[PDB]
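Everything below concerns the one structure shown next.
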Amino acid sequence: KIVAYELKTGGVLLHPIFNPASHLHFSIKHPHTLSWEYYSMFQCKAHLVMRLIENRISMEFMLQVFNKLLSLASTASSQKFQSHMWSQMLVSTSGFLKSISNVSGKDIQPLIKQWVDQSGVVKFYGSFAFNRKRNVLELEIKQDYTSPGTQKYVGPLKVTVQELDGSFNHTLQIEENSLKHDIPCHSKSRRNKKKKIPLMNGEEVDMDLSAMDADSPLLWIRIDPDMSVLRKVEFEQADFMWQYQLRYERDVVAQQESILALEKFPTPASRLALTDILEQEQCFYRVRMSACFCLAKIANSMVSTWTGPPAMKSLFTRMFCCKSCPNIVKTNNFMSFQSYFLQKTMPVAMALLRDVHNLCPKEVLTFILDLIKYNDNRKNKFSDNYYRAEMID
Amino acid sequence: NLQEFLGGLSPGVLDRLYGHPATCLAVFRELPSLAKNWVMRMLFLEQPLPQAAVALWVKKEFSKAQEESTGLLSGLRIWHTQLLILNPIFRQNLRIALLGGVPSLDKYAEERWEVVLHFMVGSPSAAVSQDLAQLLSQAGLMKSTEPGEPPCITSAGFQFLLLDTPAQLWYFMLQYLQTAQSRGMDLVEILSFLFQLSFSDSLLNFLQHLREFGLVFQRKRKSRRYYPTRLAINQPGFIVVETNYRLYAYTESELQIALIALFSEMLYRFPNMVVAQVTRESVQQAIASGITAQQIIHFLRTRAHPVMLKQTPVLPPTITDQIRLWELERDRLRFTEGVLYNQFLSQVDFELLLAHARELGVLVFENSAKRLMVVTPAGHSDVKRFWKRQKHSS
């Protein structure tokens, strides 16, 4: 939301100094002259910058800062002196930074100078190349700092590389003149023997390594995984790396960004990846709800190649319909709250299917109308208004 | 073949090459079967005729002969559709060609070719001729790299050596013509003389080279008249092969003994016989030098003593199979120049890039499973631009 708004119009400036922001058509000196979208993005950027301050100075020290502010205010709140002490209930920026420096011993003045006083987000364009001879991974990260909403980042940058030997984090120093970052790569001895490949968490899984390159061990790369800067990343992986990142990652933002990047690769391996995500309980439900729409877009792009039925129809009849009647939907029992959301989002994406004539097929429209006719809600303890409203959608 | 040589020519050189004296007859004799008949038919016609007649003028059976003859003579451009009348110049020359307008020599040719082959091989005693040496060096079968030291023999040299005399001489003359064009000698004038044989400064030099090769011999202190030898127009065996890789060759000329020693170990040399052994060492030595088992087998078969001709096959299966297996035992490294890309993103997009390097001729190896295309540095400035254009198209 904030990178869309700041690249759209100028930027949000937390803590201006009194104009400080002249790129935008109102004055930021008073709350009653702000646009309402600017007020909403102001609150949004403020809580993300506080998450960044928690990233630099750990969460227990952050809660100690907040407790110190509240305790000064509550010793202030019981005095009777007319504001000799009632102004300890008012916080400022300098007092907040001083309380942070009191509890931690680190000051955050570079982070405050970059993300508060400066009003911009950063844009990262990354592309890699694997050097087989020296066994290194040559990243190439360049910033677009000449757009109207952007600024230049010179700090450190975390990158997480999943190779066959596991998941390794690397810190890159991205100075102004930097372009190529050579990080080292590990072995490929988990392709010699079939062993399980260890993940970002402690677990390990069986991966189908037939799509991987023979010479490179690395399975996927993620630039800034923890969202530790206010950034927009445009990484150029290969399509099998996006499919491996969709399947076997233990991070929902990486599964979402792989869904978002698989729309450019309409190959049938990506259809298999999104269909395996859709069938998979123990995936987070908002990833499967995105995989519905991604599968609809991919299915629209590979018409005159699609083999069987329309997308997600057989999957809907496998998950939510009767075993004896495929075209009759099961009676509504909405007590699971994840297959309820997936059931009410799957025909909405299924209706975006189009034939070679650019008209929605009469197999999906008939399916949606049979979902509407055979709807029986006399048996669940929950209402049907959102599911029926999504059927109209 | 001569058909290949003449097919590899332009119309402008072809019509000029169709000289009055002989060319119209020498090229006629090339016509394998039927095109002779059609040439005779429409030798007397001044009016072109429709192609359908020629098409239907051969029965349904054996039509492939009709199409192949028509294609061959279309390549030779003997006629033109003109809408199939023959070329007027060829018609006139052919009408003028059709009722219009030694024992010591063969030995000389044999001896001259034998001494030429002796020089080709590392024979201490051989005929000396700087022009012949440089001609053989530039023919592609010899490389010197050091004028002071005598030139060595390249890999193609051994293969050329093991060929039979007819094909050997024919290929040598083909290379002679190809290098004649490079050195600037007119190709048509020299070529017409070869055709005239089977019935200027450049002419004198060419005849001198032919005499050095032994095809012709003036015999009169280099007079205008010449008496071509048998080889100019265009024998029993002596080797006996045992089942224990033993060769008994009734050879008196050192050339045959040298040729056998090229791929066999010599044991004894009698006045009218020589004993050699075909061992792994000798055979693999020849293979490394460049020969392949096919040349050795063909050489032994062609120089097969009459005693072993009765048995079928002439060459024992054990010897032939052993030679072939010995050659197979060796498989060898290669050399090329290339550059490789990576991170090709979409699959259907990588298939379009494969056709760019294949049409230009800079593609070496492709990989659709990993997306891995090797591009030679000679055309690197053209593939990258195409890739950039594709990226721009998105």
Between residues in the stretch A:212-239 that are at positive phi and residues that are of a type in the set (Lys, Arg) and surrounded by fewer than 22 Cβ atoms within 10 Å (Cβ to Cβ), which pairs lie under 7 Å by C-beta distance while being six or more apart or on different chains? A:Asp224/A:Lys158; A:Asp224/A:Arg231
Can you tell me which residue within the stretch A:179-211, out of those that are among the aliphatic types (A, V, I, L, M) and assigned to a loop (DSSP other than H, G, I, E, B), is farthest from A:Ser167 (Cα to Cα)? A:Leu179
Restricting attention to the stretch A:299-341, and to residues there that are under 26 Å from the mean Cα position of the chain (by Cα) and among the hydroxyl-bearing types (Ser, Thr, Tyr), which single residue is nearest to A:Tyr387 (Cα to Cα)? A:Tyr340
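Do we find a residue being within 14 Å of another protein chain (Cβ to nearest Cβ) and either of a type outside the set (A, V, I, L, M) or under 30 Å from A:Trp242 (Cβ atoms) (or both) anywhere in the stretch A:108-125?
Yes.
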Which one is nearest to the chain's Cα centre (by Cα) among residues in the stretch A:263-298 that are away from chain B (no Cβ under 14 Å) and among the hydroxyl-bearing types (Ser, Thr, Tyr)? A:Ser290
Filtering the stretch B:313-354 down to residues that are surrounded by 15 or more Cβ atoms within 10 Å (Cβ to Cβ) and among the acidic types (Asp, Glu), which residue is nearest to the other protein chains (Cβ to nearest Cβ)? B:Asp349
How about the stretch B:355-386: which of its residues are within 14 Å of chain A (Cβ to nearest Cβ) and surrounded by 14 or more Cβ atoms within 10 Å (Cβ to Cβ)? B:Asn367, B:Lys370, B:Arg371, B:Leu372, B:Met373, B:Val374
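Quick one: which residue in B:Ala180, B:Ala232 is within 18 Å of B:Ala133 (Cβ to Cβ), surrounded by 15 or more Cβ atoms within 10 Å (Cβ to Cβ) and under 20 Å from the mean Cα position of the chain (by Cα)?
Working: B:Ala232 fails: within 18 Å of B:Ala133 (Cβ to Cβ).
When all the criteria are applied, what remains is B:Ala180.
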Which one is farthest from the other protein chains (Cβ to nearest Cβ), of the residues in the stretch A:243-257 that are within 14 Å of the chain's Cα centre (by Cα) and assigned to a helix (DSSP H, G or I)? A:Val252
Between A:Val122, A:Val116, which is touching a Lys or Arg at 6+ places or on another chain (Cβ under 6 Å), under 23 Å from A:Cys44 (Cβ atoms), aliphatic (A, V, I, L, M) and surrounded by 18 or more Cβ atoms within 10 Å (Cβ to Cβ)? A:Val122
Those residues that are among the hydrophobic types (A, V, I, L, M, F, W, C), within 14 Å of another protein chain (Cβ to nearest Cβ) and loosely packed, with under 15 Cβ neighbours inside 10 Å, I need them from the stretch A:176-231; list them, please. A:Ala214
In the stretch B:1-38, which residues are within 17 Å of B:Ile89 (Cα to Cα) and of a type in the set (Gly, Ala, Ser)? B:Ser10, B:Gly12, B:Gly19, B:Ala22, B:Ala26
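Counting only residues that are hydroxyl-bearing (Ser, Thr, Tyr) and more than 24 Å from A:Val303 (Cα to Cα), which one in the stretch A:355-393 is surrounded by the fewest Cβ atoms within 10 Å (Cβ to Cβ)?
Per the criteria, the residue is A:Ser383.
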Within the stretch B:97-115, does at least one residue satisfy the condition of being in a loop (DSSP other than H, G, I, E, B), surrounded by fewer than 17 Cβ atoms within 10 Å (Cβ to Cβ) and not aliphatic (A, V, I, L, M)? yes
Just need a number here: residues in the stretch A:331-372 that are among the small types (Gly, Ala, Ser), farther than 16 Å from A:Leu295 by Cβ and assigned to a loop (DSSP other than H, G, I, E, B). 1
With (1) within 14 Å of chain B (Cβ to nearest Cβ); (2) assigned to a helix (DSSP H, G or I); (3) not basic (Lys, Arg) as the list, and A:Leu260 as the residue in question, which single condition is left unmet? (1)
If A:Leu137 meets every condition in (1) in contact with a helix residue (DSSP H, G or I) (Cβ under 8 Å, 6 or more places away or on another chain); (2) within 14 Å of chain B (Cβ to nearest Cβ) apart from one, which number is that one? (1)
Could you say whether any residue in the stretch A:52-62 is of a type in the set (S, T, N, Q) and either exposed (fewer than 13 other Cβ atoms within 10 Å of the Cβ) or in contact with a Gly (Cβ under 7 Å, 6 or more places away or on another chain) (or both)? yes
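Here, each number is a calculation from the coordinates, and none is a lab measurement. Cβ: placed from backbone, ideal geometry, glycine included. Neighbour counts: every protein chain shown.
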